[PDB]
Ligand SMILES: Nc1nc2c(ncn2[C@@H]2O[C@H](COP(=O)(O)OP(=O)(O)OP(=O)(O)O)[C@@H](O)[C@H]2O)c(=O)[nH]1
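First comes one chain, alone, set out as structure tokens in the form solved without the named molecule.
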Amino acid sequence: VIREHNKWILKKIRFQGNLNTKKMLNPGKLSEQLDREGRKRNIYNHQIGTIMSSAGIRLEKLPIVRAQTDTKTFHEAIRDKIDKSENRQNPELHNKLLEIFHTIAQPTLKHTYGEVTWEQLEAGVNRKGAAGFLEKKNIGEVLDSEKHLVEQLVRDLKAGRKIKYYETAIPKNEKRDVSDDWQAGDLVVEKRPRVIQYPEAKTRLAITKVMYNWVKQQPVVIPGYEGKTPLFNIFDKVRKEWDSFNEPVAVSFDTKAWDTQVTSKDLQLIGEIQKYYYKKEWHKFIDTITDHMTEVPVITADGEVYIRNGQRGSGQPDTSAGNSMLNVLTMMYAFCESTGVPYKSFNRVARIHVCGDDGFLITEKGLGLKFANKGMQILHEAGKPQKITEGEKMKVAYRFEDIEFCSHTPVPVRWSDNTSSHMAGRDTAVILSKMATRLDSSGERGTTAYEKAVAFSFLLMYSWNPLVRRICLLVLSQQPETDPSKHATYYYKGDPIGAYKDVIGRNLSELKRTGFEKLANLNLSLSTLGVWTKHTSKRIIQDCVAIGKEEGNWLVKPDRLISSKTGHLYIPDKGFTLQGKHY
């Protein structure tokens, strides 16, 4: 019941309001927002978002929220997770971890690794890499001017001279999932931030420059390290392994705040394993840097200074390999300690998959459930505590289809030629949540050029999800007269629908059927959290049908369902997939 001269604003409201105002009209919310520096930008990706809004998709209900980046809570964070004594660990642990290491060392590479060229280092590096605190220039900026400085540092570290290592701590500015939360009463509006602690831009360069091989895992030498493999065919290889066992089972790793749990001795162990693969001319370097990481001086963004007793500073270059290697060793060790399986017999009774602290292992029911029970406690005294759940034991998968890994589970996908396979799945709500909120930060603002790349990228990753697929298509369907932006995860050269072939190996038009069950499960939060309406499915479909009925080769015909309905198929052309900003 507002006044007339004031109803013009109403035609600008795009979403339901969220002020919860009890005695003042809250008409809704707009699609623009005030940038941290006065600017007025979009909140979402306009194109993708507009289409989502065409159907009953309330972008507002997406389980996503900004992270509290304010000093008061940032400090709470550091106090809550980081402020802790080093974990006590059974004595001999590290001997046995080393022992286990030797059962998985690749002699063909022992003492072969050394420094690498500036050229291979700068391989799509993140020039916008943070800069330090006491440091002026950032990565890239450092490449250009102070390069030679990096060199003397390397040289300094090698000589093992004195250095002023310290790490900067800052809350991470990112939108986060609250899908689990909202799914349950708790309708949080923001979430604690991840606190990043990281080495100086120059130091990061020196480090990654000589340890490129171990850090980037060029020559993956970590058993089960799967963060080098593309998420579209990963569950396929795991599928194999699963089928090889009689009555398989997957046990999931679930350590609490892993980084905060890394011991000093854990760090030294990695030091050893690193010296195992590096030419002797670098062992002092390795020892030197490792001696520093056992007690790091951290300077918070606000100015505070705390002396952290060894843990993993997410920003350390070695984090990925470091945590992955240390994680597999500990879990293997844990498995053995639990079942009775001798160390060298690991690879014969089980298969392990890891990605940083995340990971699981496949094995015969018996051995797996054993690992699952005695596991918690063994792990607990190993210094890597597992999250208390309810059935006081590790999560056990009895169905391959239930394996959770790297934030995904497998998704069944039948192809035209009745052949099958598995794609990487996730909650649609979340796919949508990332689709509408990912903008190019490695840039600023938005263009259909960008969204097109975004759509393409999600096509490669989620073609099994109809909703998403048709939305991606509708996106790609626009401005064909313009090539994609290279600021996305991926991007195509030539014809998109082609490239999907170029990478997936098959044709989109061939995606005949997606597991019904896996899909019903992956669509729950959509209803439960009120993200979509009943009509949404139909709504988006017609949206395609419309474009795709006119005479022509419509790239929206690859949906076997839309194609059917339009009476037109799409005839692909060129198309070769590339990369852009993918980690």
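Quick note: we count residues from 1 along the sequence shown, nothing fancier. Only residues modelled in both forms are compared. What we label the rigid core is the largest C-alpha set whose atoms superpose within 1.5 Å from one form to the other.
This protein has a second form, the form deposited with the named molecule bound, left out of what is shown; the following refers to that one.
- With the partner removed from view, the residue among 140, 366, 480, 230 that has a non-hydrogen atom within 4.5 Å of the named molecule in the bound PDB entry turns out to be 230.
- The single contact residue among 426, 370, 486, 75, judged by any heavy atom lying within 4.5 Å of the named molecule in the bound PDB entry, is 426.
- Of the candidate stretches 312-320, 216-224, 289-297, 431-439, only 431-439 has residues with heavy atoms within 4.5 Å of the named molecule in the bound PDB entry.
- In the bound PDB entry, every residue of the candidate spot (175, 406 and 490) has a heavy atom lying within 4.5 Å of the named molecule.
- Residue showing a CA shift of 2 Å or more between the shown form and the other one (rigid core superposed; candidates 420, 309, 173, 442): 442.
- Superposition on the rigid core leaves 442-444, 581-583 as the runs of at least three consecutive shared residues whose Cα positions differ by 2 Å or more between the shown form and the other one.
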